[PDB]
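Data block below; observations after.
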Amino acid sequence: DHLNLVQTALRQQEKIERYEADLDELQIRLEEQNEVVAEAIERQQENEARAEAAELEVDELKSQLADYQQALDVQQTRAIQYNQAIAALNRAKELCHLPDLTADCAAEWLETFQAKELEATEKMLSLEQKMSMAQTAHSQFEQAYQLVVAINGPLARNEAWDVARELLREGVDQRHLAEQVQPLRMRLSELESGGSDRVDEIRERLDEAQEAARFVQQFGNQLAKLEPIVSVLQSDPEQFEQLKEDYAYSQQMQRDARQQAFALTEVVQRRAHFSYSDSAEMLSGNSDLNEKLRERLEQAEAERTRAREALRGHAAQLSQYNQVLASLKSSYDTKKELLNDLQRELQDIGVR
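Under PDB author numbering, residues 335 to 530, 893 to 1048 are what the sequence shown spells out, in order.
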């Protein structure tokens, strides 16, 4: 006496009535939970809008900073070329004594100094032959003058020419009567025995020769070192100095002209760079703005981070609220299925 199918059939009807009630209970639970989700859905769109507005401002500033930086690095290039142009102008203002010099007129000042350059070389070359051999004429005028002082003694340099010639004349005739000592001894030795009083004429002309031979010995060498370099003593030695004085002047002019013309050439070559005053005058200012823009960017990226973190923080809170709603669905889905199955099973068995 088991398996009373009549109890089963009515117990199955009982379960059906519970599932119908459970489903009507979950229905309210679903709508109440959907209100919670829908509310968070909206707060998520508010966070999405904050995020996109931060993401876009960051991009705008990154592009602004990209363009402004590239242009700035070019301005720096011109600022440097400018100060180099000013430097050149300054150097030319000192070498060339032109305190109010400008780049516009430096073209004509150049050719004014280029001419000053070649006139210092074409006049300097004209005084080329005289100079080199003026050093020799001066070295020989001294070698000679000192030879004369060695023989004659102290005297003025304008008196050396006349003296020098005389000394050579004496040396000439002193050598002629110095080379008589032997012809005279011949006559004396062949007439020493006895005496006709001629011995007095010869013994005296012989002593005249002995003293002249001593003269040749004392001065013969210096007069030899003096014969080739006599003519120079005619010359005025203060013209050698006057000549080398003017050489030095014409050398200094070329030394100054070569460099002056060179400094002006620099200014001309940099003529265009003088119009970069704008770039240099506002380099530090624009660099300050560039760093305030880079600062501005870093602020936005911080606001973008604070936006991506808040958007994520609430997304998780939305996900949790969605987890419970998904559960209610998984239950309603399966319970409505169980209600359909057991419904049809009652219909098929037939026992009521």
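Yeah, the Cβ is synthetic: ideal placement off N, Cα and C, and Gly gets one too.
| Asked | Found |
| --- | --- |
| 8 Å Cβ shell around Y416 - same chain, five flanking residues per side excluded | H969, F970, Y972, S973, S975, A976 |
| Environment of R1000 [buried if 16+ CB atoms lie within 10 Å] | buried |
| Contacting residues, own chain, Cβ-Cβ under 8 Å from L1034 (five flanking each side not counted) | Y353 |
| Assigned exposure category for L423 - 16 Cβ within 10 Å defines buried | buried |
| Where the alpha helix (DSSP H) containing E369 begins and where it ends | 339 to 429 |
| Contact belief for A374 with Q1013 at Cβ below 8 Å, rounded distance in angstroms | 7 Å |
| Simplified DSSP assignment, three categories, for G981 | helix |
| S530 CB to nearest heavy atom of the ligand GDP below 7 Å | Among the components modelled here there is no ligand, and therefore nothing to report on the ligand GDP. |
| Secondary structure of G528, DSSP reduced to three states | coil |
| Beta carbon of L939 nearer than 8 Å to that of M467 | no |
| Exposure label - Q367; buried when at least 16 CB within 10 Å | buried |
| Length of the line joining the Cα atoms of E351 and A383 | 48 Å |
| For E493 and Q469, the rounded distance between their alpha carbons | 22 Å |
| Under 8 Å between C-beta atoms of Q410 and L979 | yes |
| Cutoff 8 Å; reference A512; Cβ partners in own chain excluding five residues on either side | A905, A908, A909, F911, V912 |
| is_contact[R910, chain C] using C-beta, thresh 8 Å | The displayed structure is made up of one protein chain only, and chain C is not part of it. |
| Sub-8 Å separation of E462 and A957 beta-carbons | no |
| Terminal residues of the alpha helix (DSSP H) in which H969 lies | Here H969 belongs to no alpha helix (DSSP H), and DSSP marks it neither H nor E. |
| Whether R509 touches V926 by CB criterion (8 Å) | no |
| C-beta contact flag for residue 1079 and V370 at 8 Å | Examination of residue 1079 is not possible in this model, given that the chain is present from 335 through 1048 alone. |
| Expected contact under 8 Å - CB spacing of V392 and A996 to nearest Å | 5 Å |
| Whole-angstrom C-beta distance between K1031 and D358, which should lie under 8 Å | About 11 Å; that fails the 8 Å criterion. |
| Identity of the residue in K921, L1007, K427, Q403 nearest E376 by Cα | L1007 |
| Three-state secondary structure (DSSP) of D932 | coil |
| Where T446 sits in the DSSP three-state scheme | helix |
| Alpha-carbon spacing of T961 relative to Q480, whole angstroms | 53 Å |
| Contact check, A388 vs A1003, beta carbons under 8 Å | yes |
| Nearest residue (CA-CA) to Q930, options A959, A471, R521 | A471 |
| Length-filtered (4 minimum) alpha helix (DSSP H) runs lying within the segment 431 to 482 | 440 to 460 |
| For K921 and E428, the rounded distance between their alpha carbons | 54 Å |
| Whole-angstrom distance between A372 and residue 1065, CA atom to CA atom | The structure shown does not extend to residue 1065, since the chain spans only 335 to 1048, so no value can be given for it. |
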